[PDB]
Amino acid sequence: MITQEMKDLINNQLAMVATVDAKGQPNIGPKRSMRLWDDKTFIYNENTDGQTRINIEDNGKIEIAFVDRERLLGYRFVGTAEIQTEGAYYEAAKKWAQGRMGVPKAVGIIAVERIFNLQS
């Protein structure tokens, strides 16, 4: 689903994560740790315990954008997300953080449902 073309662009750019709270206010947060779990799933390490984690638990709806500013090319990923603090996803994230950053407060997981580029 997520192609090699998408992966290369992803690997270079900063993930910008958009969510929405209970009152319908959008939130944007960069997530440096965002990465592919497999070719249909994103995973990131939740280090901040901020509005992104709240919104994900609140309603799960999410979009992630990556923009290549050298050509204004990019990809956007619409999916459903959840936050977990124990279990396989969390343990993988905990393993991944060793050497890179601190122990994750939680892990965020995003199941990709639709993929757009920057057009329209």
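Throughout, we count residues from 1 along the sequence that is shown.
- As recorded in the PDB entry, 87-95 is the stretch of 55-63 and 87-95 with the greater mean C-alpha temperature factor.
- Mean CA temperature factor is higher for 99-107 when stretches 12-20 and 99-107 are set side by side in the entry.
- The residue among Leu73, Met34, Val78, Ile28 whose C-alpha carries the highest B-factor in the deposited model is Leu73.
- The entry lists a Cα temperature factor for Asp38 that places it in the highest third of the chain's modelled residues.
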